[PDB]
């Protein structure tokens, strides 16, 4: 039904929000510290000197294990 189409759209948008803002391909699994922005996969977070969201210096990257993780890289 039309309701099925609406639900499919919501599901798609929620899944896309869990993907890396730089490569758009891998799941987010890294946090920039100390600011806390958690928007990249491990590969894209590794070379950034400053946070792509707030410009704060990246002192280090903390790996995050999230319950929503499903990709073969996070399992």
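Residue numbers count along the first chain shown, from 1.
For the pair 1 to 9 and 65 to 73, the mean B factor over Cα atoms is greater in 65 to 73. Stretch comparison (53 to 61 versus 13 to 21) by mean CA B-factor in the PDB entry places 13 to 21 on top. Sorting the modelled residues of the chain by their CA temperature factor places residue 29 in the lowest third. Among the modelled residues of the chain, residue 43 sits in the middle third by CA temperature factor in this PDB entry.
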